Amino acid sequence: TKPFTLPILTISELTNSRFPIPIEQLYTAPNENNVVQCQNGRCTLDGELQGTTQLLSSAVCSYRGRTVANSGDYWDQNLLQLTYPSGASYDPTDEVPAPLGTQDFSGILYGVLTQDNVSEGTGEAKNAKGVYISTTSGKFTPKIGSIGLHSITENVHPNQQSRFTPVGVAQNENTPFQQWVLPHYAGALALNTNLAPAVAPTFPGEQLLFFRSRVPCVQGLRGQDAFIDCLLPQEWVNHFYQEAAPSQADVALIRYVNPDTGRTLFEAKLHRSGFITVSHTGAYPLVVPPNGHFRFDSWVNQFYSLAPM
């Protein structure tokens, strides 16, 4: 039986699985009213990708396809007829919530659309268009293969093969950024399908442990931080996919260790569905040694008692 392992990576060597930026810190908090059901960065410990999860950070919140004119709409002047960010054709009957890498938070995603290359004499950055992709728009239906593009300053051409590169997130006065409210992948008139399950602590005193990043915010949240919290770093997703080690229990005991001193800084529970819990009550940003990393200890029973941290 292939033993289960974690990659040996420090907190500065991890990528957020829900937005293509590095992990900044570990963070724990109670769920209070949030339903924690993100769809990117979802992978079982034995290597089954779930939700909209794929292997490349450069595909997370990225889109590719062909633009379609949508003149007359207030918000979305054009649509993007999607494929997978792979470039492989997208079939709405695929058993996924949306094309892999589709944004899994509610609100406005900001990025740059690139289209057919233009001549040098056309001018600077004339094949770059700043664009909003909002999930509250009626045209956000990636499950059906089409999303709406809100142009900001630059003209988006119809009928051109186009690539959307994410840059950050946005918040205006009627569209709050809500990282734990799933989009309606098929529009407000249809239920989501093929979702990775919601996660929550099930042992007394435990809280979810998140891998936290601050995403750039191009509008709103003055003096505040746009946080995107993921359950697994992209590197863990890819490691579990590569290894496909059979899971021997619902929960694995893991430790954050200093490899030079051998000290366990804290213990945590790694759950089969692909998330972590720690024994703590309250919102708490962890600070962890630059050389520290998680290590797999053993498979334990669901009601194993972690050392408080």
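Numbers for residues come from their place in the sequence shown, where the first is 1.
- Higher mean CA B-factor, judged across 156-164 and 232-240 from the recorded values: 156-164.
- The stretch 68-76 shows the higher mean C-alpha B-factor when 220-228 is compared against 68-76 in the entry.
- Which of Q179, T93, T135, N127 has the largest Cα B-factor in the deposited entry comes down to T93.
- When the Cα B-factors of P201, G101, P197, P97 are read from the PDB record, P201 comes out highest.
- For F210, the recorded CA temperature factor ranks within the lowest third of the chain's modelled residues.
- In this PDB entry, the Cα temperature factor of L14 sits in the bottom third of its chain's modelled residues, the lowest group.
- Among all modelled residues in its chain, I276 ranks in the lowest third by Cα B-factor.
- Sort the modelled residues of the chain by CA B factor and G41 lands in the lowest third.
- Compared with the other modelled residues of the chain, the Cα B-factor recorded for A170 ranks in the middle third.
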